[PDB]
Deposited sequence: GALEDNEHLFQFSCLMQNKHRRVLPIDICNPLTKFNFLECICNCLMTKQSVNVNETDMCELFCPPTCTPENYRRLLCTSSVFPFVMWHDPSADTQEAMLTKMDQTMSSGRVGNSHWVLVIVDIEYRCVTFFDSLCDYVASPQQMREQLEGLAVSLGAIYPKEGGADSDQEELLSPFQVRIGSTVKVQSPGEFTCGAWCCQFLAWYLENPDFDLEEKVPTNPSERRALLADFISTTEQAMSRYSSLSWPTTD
């Protein structure tokens, strides 16, 4: 499927930036997994905070290799929504295995037991939102809430205004991907698009119960979003 590969998720995050002008495109040269996502979310928001007080050096340090430092600073300056996608495969119990299996699936296409989930950090609402199209593929939802609540303390202090923690929302209130579908990527994009449209949406209201109707929603989302992404420069960062 088109939206299951990291590059096409990058291109989707570029598109949300060109549509909404407040989204930080994600950095696929720094793959996240359950091993390193919390740390990287933290580094990103500290970089954002430093840009706020005219400190450009930590920024040059964390700049994505395919993006110019000044352009990265500018995008951080205007972003209030930070999407992060975590890749996961329950076979791997090291980061080097996790990343080796990730490179394999992206190079060959074969999905296997791989899966994407979504974290959105929103500094306009001081909220962290989690979305898993299967609900508990990586961990139990309370285990994920716990991890995330701890990140929210970190973020409240990293990004003031005083240092109170961010709110944590679990957005995947119910399962949206049935068992034999390889659609998590697309579901993460569609959740993000709905979030940008209105950050107070309920997923249960968007998604039909009937399995054909649900599949049809996403299929329409995929075609239309694939069409908007065709006419692009390949893997270039947007400008401000």
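J.: Could you give the ranges of the deposited sequence that carry no C-alpha coordinates?
T.: Model skips 162 to 171, 251 of the deposited chain.
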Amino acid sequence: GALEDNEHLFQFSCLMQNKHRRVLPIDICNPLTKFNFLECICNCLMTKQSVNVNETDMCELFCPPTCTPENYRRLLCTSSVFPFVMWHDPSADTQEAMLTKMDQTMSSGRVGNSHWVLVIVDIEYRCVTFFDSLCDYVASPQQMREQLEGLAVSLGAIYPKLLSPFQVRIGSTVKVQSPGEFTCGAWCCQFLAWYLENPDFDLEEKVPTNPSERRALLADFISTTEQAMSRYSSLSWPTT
From here on, numbers count along this sequence of modelled residues.
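J.: So 45 to 53 or 170 to 178, which one's hotter by mean CA B-factor in the entry?
T.: Here the higher of the two C-alpha B-factor means belongs to 170 to 178.
J.: So 228 to 236 or 10 to 18, which one's hotter by mean CA B-factor in the entry?
T.: Per the PDB entry, the higher value belongs to 228 to 236.
J.: Just the C-alpha B-factor column, please: which of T129, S133, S79, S140 has the biggest number?
T.: By C-alpha B-factor in the record, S140 ranks first.
J.: Looking at the C-alpha B-factor values in the deposited entry, which of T209, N30, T33, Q190 comes out highest?
T.: Out of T209, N30, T33, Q190, the record gives the largest C-alpha B-factor to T209.
J.: Sorting the chain's modelled residues by C-alpha B-factor, tell me whether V153 ends up in the lowest, middle or highest third.
T.: Ranked within chain, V153 CA B lands in the middle tercile.
J.: Going by the recorded CA B-factors, say which third of the chain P64 sits in, lowest, middle or highest.
T.: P64: CA B-factor falls in the lowest third of its chain.
J.: Please rank the C-alpha B-factors of the chain's modelled residues and tell me whether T100 sits in the lowest, middle or highest third.
T.: Within its chain, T100 is a lowest-third residue by C-alpha B-factor, going by the deposited values.
J.: Sorting the chain's CA B-factors, does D122 end up in the lowest, middle or highest third?
T.: Lowest third.
J.: Which third of the chain holds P165 when residues are ordered by C-alpha B factor: lowest, middle or highest?
T.: CA B-factor rank for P165: highest third.
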